[PDB]
Number of protein chains: 2
Amino acid sequence: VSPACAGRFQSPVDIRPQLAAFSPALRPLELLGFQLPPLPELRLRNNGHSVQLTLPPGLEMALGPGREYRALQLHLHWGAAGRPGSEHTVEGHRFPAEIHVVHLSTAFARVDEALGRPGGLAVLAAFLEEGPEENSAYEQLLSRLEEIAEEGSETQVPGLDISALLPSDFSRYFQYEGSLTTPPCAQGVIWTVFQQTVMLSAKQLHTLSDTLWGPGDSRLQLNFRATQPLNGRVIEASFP
Amino acid sequence: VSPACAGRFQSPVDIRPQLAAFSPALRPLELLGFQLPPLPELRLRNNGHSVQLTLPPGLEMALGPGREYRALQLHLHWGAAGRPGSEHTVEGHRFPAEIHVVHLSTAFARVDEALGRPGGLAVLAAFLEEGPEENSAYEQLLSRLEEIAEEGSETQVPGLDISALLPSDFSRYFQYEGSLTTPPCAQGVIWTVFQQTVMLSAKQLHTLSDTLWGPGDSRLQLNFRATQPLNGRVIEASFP
Ligand SMILES: COC(=O)c1ccc(SCCc2ccccc2)c(S(N)(=O)=O)c1
Ligand SMILES: COC(=O)c1ccc(SCCc2ccccc2)c(S(N)(=O)=O)c1
Ligand SMILES: [Zn+2]
Ligand SMILES: [Zn+2]
């Protein structure tokens, strides 16, 4: 029963853009090394809570000058047939799905030293919505979900352009301080939520929500935490 | 002799208010437990680089919701007769002196763990200027310098209200991330520089700069580092 999961400053949150603070010090995010060669392959796992892709060393992310991170992994949150499952909401709207790319501050060698430390971990988050076309970067992961239908299963996938899983607009985002959304829910996590969304086909969103199985003989669906109150935190925005 | 002194994100810096970014998310500083009783006494020490007062446990400081610190020590930077010695400057203007109250994040149990980690240490900085009245708060410290004029000397002083050494409006400050201004010049220090100043008499300012002796047979004077480039860092302001 991680006591951190009862902290005052938890994630995810409902983003109310009218209450967000415009902060012009929030510059465009910068990503280096995200365009991977096909080999070595990466490991894609059904962990019973999400599908998680382990990322290789060398993916560097900066929130700004002096604010440097390395990417660890990415995973997804999703709903069910006719039910949205983003973690974050905007003005109470929940989107079909959400991607999280979790990073470690370059000041720490291990996750366990960064847990609960200010700015020790940073998450990049983007909503997934339905578009008309099959998203080619997503297809490389989604086309392998059948291989990992079973809880605790994994498979290897070719490296891909990891930045193609995210929006092209890196300028416009909300940022706030919060927590991991799974035990141990440690605080001090810098959350960056893109304004622009990513487009998947209806078929892709259905593959995501209908393929994977979780604890027991239950479908892995609706794997989002309820929104947590801001409790006086102010969400910042990189635009007015 | 410490290559970190040549890092990219060093302190101090020149503040250019018109180029600061206003972020309404920067709330008034909260400083609790700073009104110390006369007992126990505190160590005041000439360390040959500054005069330093050791602070007891219980001085709690927050830069924002869930971003808490405990004060460790305070020290000063000053010039010489008719020469200002602040560390920060404002549009190129050097103030007569500067006070620094150094704090440790509650997320770290030791200073050595915090050095080089983002937001591990936070310093509150205020400019000291010349005014016509004698300053009662500062007198408690200045009146005791004669006793510690020898490099390496120390004395015990009565408890004092540390918060009385600071400016009037805790809602009005600049903020950026930089470094210690002495070796090891570690990065990831959050600097908060009050917009308003504190006034000492000309006599008090003279007492500060003229009583203490440093390494060799030289005066302890002009104990400030040269200003360092922002290198892309944007200074934030808590007010438009
Ligand atoms: C239902 O969602 C998940 O399965 C999930 C898994 C991991 C993580 S991050 C953990 C980083 C970590 C922590 C401890 C040890 C080693 C790695 C998150 S999140 N949304 O970013 O908080 C969700
Ligand atoms: C010439 O100036 C100084 O004497 C001076 C001394 C200490 C400090 S902070 C040290 C924090 C610390 C470091 C290591 C171990 C334990 C405490 C600073 S400053 N201006 O805050 O960078 C100036
Ligand atoms: Zn997540
Ligand atoms: Zn100092």
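Quick note: numbers below take in every heavy atom, side chains included, and nothing from hydrogens, waters or symmetry partners. A note on names: the letters A, B, ... follow the listed sequences, proteins ahead of strands, and every chain is numbered from 1. Order of listing sets the numbers, starting from 1, for every ligand and every atom in it.
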Novice: Just jot down the ligand 2 atoms closer than 4.0 angstrom to any heavy atom of B/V102, in number order.
Specialist: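 Heavy-atom distances to B/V102 below 4.0 Å select 21 (O).
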Novice: Have a look at B/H75, B/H77, B/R110 and point out the one with the heavy atom closest to atom 2 (O) of ligand 2.
Specialist: B/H77
Novice: Restricting to side chain to side chain contact (heavy atoms under 4.5 Å, CB included), what partner residues turn up for A/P40, sequence neighbours left out?
Specialist: none
Novice: Yes or no on side chain to side chain contact (heavy atoms under 4.5 Å, CB included) for A/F194 and A/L124, after CA distance, side-chain angles and deciding distance?
Specialist: CA-CA 8 Å; A/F194 290 87; A/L124 307 184; 4.2 Å; yes
Novice: Quick one: report the N, O or S atom of A/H77 that is nearest to the Zn ion (ligand 3).
Specialist: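 Among the N, O or S atoms of A/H77, the one closest to the Zn ion (ligand 3) is NE2.
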Novice: Over all heavy atoms of both residues, which pair between A/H88 and A/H100 is shortest? Give the atoms and the distance, please.
Specialist: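 Shortest heavy-atom contact: ND1-NE2, 4.3 Å.
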Novice: May I ask which of A/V189, A/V111, A/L121, A/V123 has a heavy atom nearer to atom 15 (C) of ligand 1 than the others do?
Specialist: A/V111
Novice: Is the count of non-hydrogen atoms from other residues, nucleotides or ligands lying under 6.0 Å from A/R70 atom CZ greater than 12?
Specialist: no
Novice: Using a 4.0 Å cutoff against the non-hydrogen atoms of A/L180, which atoms of ligand 1 qualify?
Specialist: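 Going through ligand 1 atom by atom, the ones under 4.0 Å from A/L180 are 9 (S), 22 (O).
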Novice: Which atoms of ligand 2 are found less than 4.0 Å from any heavy atom of B/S50?
Specialist: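 Listed by number with element, the hits are 4 (O).
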Novice: Of all the N, O or S atoms in A/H100, which has the shortest distance to the Zn ion (ligand 3)?
Specialist: ND1
Novice: Looking at every heavy atom in both B/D14 and B/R16, which two are closest together, and how far apart are they?
Specialist: OD2-NE, 2.8 Å
Novice: Among A/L72, A/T181, A/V101, whose heavy atom sits nearest atom 19 (S) of ligand 1?
Specialist: A/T181
Novice: Counting only heavy atoms, tell me which of A/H100, A/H49, A/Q73, A/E98 gets closest to atom 9 (S) of ligand 1.
Specialist: A/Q73
Novice: Within the 4.0 Å heavy-atom shell around B/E87, which atoms of ligand 2 are there?
Specialist: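 Those qualifying, in numeric order: 20 (N).
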Novice: Pick from B/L128, B/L53, B/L165: which one makes a side-chain contact (heavy atoms from CB on, under 4.5 Å) with B/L76?
Specialist: B/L128
Novice: Do B/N46 and B/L220 have side chains that approach each other closer than 4.5 Å (heavy atoms only, starting at C-beta)?
Specialist: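 B/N46 reaches B/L220 side chain to side chain.
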